[PDB]
Each structure stands twice: as structure tokens, then as C-alpha cells.
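Student: Sharing a structure below in C-alpha cells format, with a few things to ask.
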Amino acid sequence: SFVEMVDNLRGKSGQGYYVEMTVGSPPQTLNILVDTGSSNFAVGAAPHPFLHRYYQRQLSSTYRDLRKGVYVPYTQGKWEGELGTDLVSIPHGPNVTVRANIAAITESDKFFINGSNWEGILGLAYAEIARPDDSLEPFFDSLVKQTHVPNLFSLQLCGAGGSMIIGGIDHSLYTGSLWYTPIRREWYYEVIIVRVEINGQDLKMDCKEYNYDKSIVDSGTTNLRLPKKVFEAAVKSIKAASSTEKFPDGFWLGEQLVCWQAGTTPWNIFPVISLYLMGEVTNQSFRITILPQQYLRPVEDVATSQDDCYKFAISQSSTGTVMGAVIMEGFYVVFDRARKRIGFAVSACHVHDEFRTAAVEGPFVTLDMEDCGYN
Ligand SMILES: CCCCNC(=O)[C@H](C)C[C@H](O)[C@H](Cc1ccccc1)NC(=O)c1cc(NCCCC)nc(OC)c1
């Protein structure tokens, strides 16, 4: 019975999705960003301009110091602090309490986000990328070891809350079939993209380019991030499709925003993006189709609530493909750790106009999918 965990997430793709958690004895309540792109559980533990509250180790009778420091650098931001353990619970999660590793953040740089309403981060990926090293057991590993919570969780991120189903799959959160792609290696949630189409036209690149470095699923990043060569081809194709309208080159860099009179956004001139993922069966893939309503991120114009403004949510990467929050929105994503696979289905909170639809479709036949992984 997962109904208690439905709608247990708040926040947005721009500043992160967070779940409520309690740490220590007596319980201290904190809002924690859910991050499938990392593996450290860390909380603000000292005053900071953008923190409304923080973990007070001194007030917890169950806190234990590990006398070890830690620092984590991300694509954006970094923090350092002191490692320790304490009792942790998830109010709108499974009814259980675990002793988990906790990094008490004492200094940070461009990590906390003004007005985000979260005070910590829950890294849900594997120990291989945990800092300072892989012997620091991540939270979800601790959860599975100390309780009977099954070794999987699912994320339903919704655009303009959501759900994190801890320990299972809630069939009422999606429609259609779940399609699974193998987790290539247990460090990030690494996957293999075997084909990319824009408005049904193949990008016709060596599929190794799509995974150049790696390809990961990351709820803790906003954008779809693409390696240089793929980003240029994708932007070139998207510009061509919307060429009847003018945008400054800063828009295509995610710097500048674009606006239109409310209700006149020309969605039809922006193409759909189809990402084909390696399937579970020999020579078989499936595809997920991304609408422009996902990669044109709505941004509030505080000057005049007249227009509808958007930011281009596709950016260039030097560390491989990242399927960020705008890609996961509208899909139900199953992180099936027990079976080393990630499932995609159309979400019940799917983004839809009236002419096109986000979709998860298969099967497709794709030869030599193994040659698409970077080495
Ligand atoms: C040590 C090995 C593990 C390192 N693993 C990463 O480094 C991954 C690739 C990355 C994280 O998901 C990071 C988590 C995060 C979340 C909030 C604030 C800072 C960092 N996220 C980003 O670094 C990132 C976040 C955002 N926006 C914040 C809202 C998130 C929905 N924007 C970016 O734009 C480039 C990058």
C-alpha cells in the first residue's frame, strides 16, 4: 500500500523536488532534495543565508560523530562538512526508522538555492560515487539493509509536486506499459541511448556520440544536457524547425528567456525529441518522446503577468548526457535496483496539449546496441 506516498514531493524542475524527512531524536523535520545523480545524504548543519532551518546535531541524543570530513562537488555547487550518523525517517514514506550516514554541511558554495524551500539533499545513486569513498553506505542502501523495504523506488515528477514511491511501483501513477532499460553500471543510474530523432528525423550520428562519457538519469538536474556534438546537432535541428520566429542566440544558451502573449505560445513550431533506449531483449529498444512543453521551461515574469515566458532547458555538457528533471516530468520512472533496470511509462501527470503526446513506445529493433556505450 503505497497510497500514503502519493504526492509526497514538492518543488519544481527549476529549483528541485524535495521530500519531507526527519533526522535525530527528538525528530528534526527537514525538506530534502531528491537527487538520483549523487549518493551522499547531506543536510545544512550551520546557518546560511538561504536556509530557513538546519540540522542541530547538539539537540539529537542519537547523533554519533564519525570524526571524518567530507566534501562533494557537483556540476553546480559544492559543500563540505562533517560525517556522522543519526536516526532518519520519511513521514510520508514507509513507516520505518533507520540509522543512516549524514554529512552535516558546514560550508557551501552556490549549493543552496534562494527560496527553494529545501535544506538538504538525498543522493539516491550507488556507493561507487559516494564521497569520500564507496565505503560510506548511501541512505537507500541503509534503508534496504536495515528494513524489509524492497530494493526499488519510483519517481513521478510533475510540471506546472510529485511522488516518490519508496519500495515499489504504484500503478495508479501511470498509464500504458512500463518499458525497461538496463542500468549499464551501478554508479550513476547509467543508461545507453541508441538513437535520437527530432520530429521523426534521425540525427544520424554514431550512437557513441549520444553517450560520450556516459548517459545518466538525474532528478537533481533541471535540463536535458547533451555532449557538445549532440547539443549542436539538436540545437541546429530545433532552430530550423522554429525558424519562422526570431530568438536571440542567448536564448539557445539558456541565458535569455522568451515570452509571448498568454495563450499564444507557438508550441507547434517546436519539434518533439525521441530518445531511444537500450531494451531488455536482444536487438530491442524503445523510445520516449519529449514535447516542447518539457524543454521550454516556464519562468515567471514578475514585470507584467501579461506574457508567458520560457527558458530553453537543453544545455551543453562536457560530462555526457543527463536526462534531467524536465525529461523525467510527465513520465513515471522506476529505479528497479533489484533488477538493475530503469522503467519508463507515461505519467498520470503527463504534459499534454491536444495535438501531440508524450509517449513511451516499443518495441523497436536496433542492431549492435552494445557498440553505443562509451569506453
Ligand atoms: C560526486 C559525484 C556525484 C556528483 N553528481 C553530479 O554532479 C550530478 C551530475 C548533478 C547533481 O544531480 C546535482 C545535485 C544538486 C542539486 C541542487 C543543487 C546543486 C546540486 N545537480 C547539479 O549539479 C545541477 C543542478 C541544477 N539545478 C538545481 C535544481 C535541480 C533540479 N542545475 C544544474 O545546471 C548545470 C546542475
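Chain lettering (A, B, ...) mirrors the order of the C-alpha cells, residue numbering begins at 1 for each chain separately, and ligand numbering begins at 1 in order of display.
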Just want the residues within 9 Å of ligand 1, written as a PyMOL selection string, counting only C-alpha atoms and all ligand atoms.

Tutor: chain A and resi 11-17+33-40+71-78+110-113+116+120-121+123+125+128-132+188+216-223+225+315+317+319+322+324-326

Student: Show which residues sit within 12 Å of residue 373 of chain A, as a list in words. Count only C-alpha atoms, and ignore same-chain residues fewer than 2 positions away.

Tutor: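 Everything that qualifies: residues 183, 184, 185, 190, 191, 192, 193, 194, 195, 206, 207, 208, 209, 210, 211, 212, 213, 214, 215, 216, 277, 278, 320, 321, 368, 369, 370, 371 and 375 of chain A.
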
Student: Restricting it to C-alpha atoms, dump the selection as a JSON list (two decimals), in the first residue's frame.

Tutor:
[["chain", "number", "residue", "atom", "x", "y", "z"],
["A", 183, "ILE", "CA", 21.36, 0.02, -15.78],
["A", 184, "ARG", "CA", 24.71, -0.23, -17.58],
["A", 185, "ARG", "CA", 26.77, 0.11, -14.38],
["A", 190, "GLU", "CA", 23.80, 4.99, -16.25],
["A", 191, "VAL", "CA", 21.86, 4.09, -19.39],
["A", 192, "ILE", "CA", 22.57, 3.70, -23.11],
["A", 193, "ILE", "CA", 20.86, 5.85, -25.73],
["A", 194, "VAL", "CA", 20.87, 4.06, -29.09],
["A", 195, "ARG", "CA", 19.15, 6.60, -31.40],
["A", 206, "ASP", "CA", 27.44, 7.50, -34.35],
["A", 207, "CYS", "CA", 25.37, 6.41, -31.36],
["A", 208, "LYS", "CA", 28.55, 6.54, -29.24],
["A", 209, "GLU", "CA", 28.22, 10.33, -29.51],
["A", 210, "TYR", "CA", 24.93, 10.16, -27.57],
["A", 211, "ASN", "CA", 26.68, 8.51, -24.63],
["A", 212, "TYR", "CA", 30.01, 10.27, -24.99],
["A", 213, "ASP", "CA", 31.39, 9.89, -21.50],
["A", 214, "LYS", "CA", 28.14, 8.45, -20.11],
["A", 215, "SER", "CA", 24.38, 8.93, -20.06],
["A", 216, "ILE", "CA", 22.64, 9.22, -16.70],
["A", 277, "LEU", "CA", 16.98, 3.48, -25.02],
["A", 278, "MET", "CA", 18.51, 0.04, -25.00],
["A", 320, "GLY", "CA", 27.92, 13.11, -21.01],
["A", 321, "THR", "CA", 24.16, 13.09, -21.47],
["A", 368, "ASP", "CA", 24.64, -3.52, -32.28],
["A", 369, "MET", "CA", 23.30, -1.60, -29.30],
["A", 370, "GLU", "CA", 26.34, -2.62, -27.24],
["A", 371, "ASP", "CA", 28.56, -0.56, -29.56],
["A", 375, "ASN", "CA", 34.64, 3.09, -23.40]]

Student: Between atom CA of residue 329 of chain A and atom CA of residue 364 of chain A, what distance in Å does the model show, to one decimal?

Tutor: 23.1 Å

Student: Pick the closest to residue 342 of chain A from A:249, A:7, A:107, A:186: which is it, counting only C-alpha atoms?

Tutor: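 Checking each of A:249, A:7, A:107, A:186 against residue 342 of chain A, counting only C-alpha atoms, the winner is A:186.
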
Student: As a PyMOL selection string, which residues of segment 235-350 of chain A does DSSP assign to alpha helix (DSSP H)?

Tutor: chain A and resi 235-241+292-295+325-328

Student: Calculated over only C-alpha atoms, which of the candidates A:257, A:338, A:5, A:314 has the smallest distance to residue 228 of chain A?

Tutor: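 Ranked by minimum distance to residue 228 of chain A, first place goes to A:314.
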
Student: Which residue out of A:360, A:100, A:43, A:323 has the minimum interatomic distance to residue 136 of chain A when only C-alpha atoms are used?

Tutor: A:100
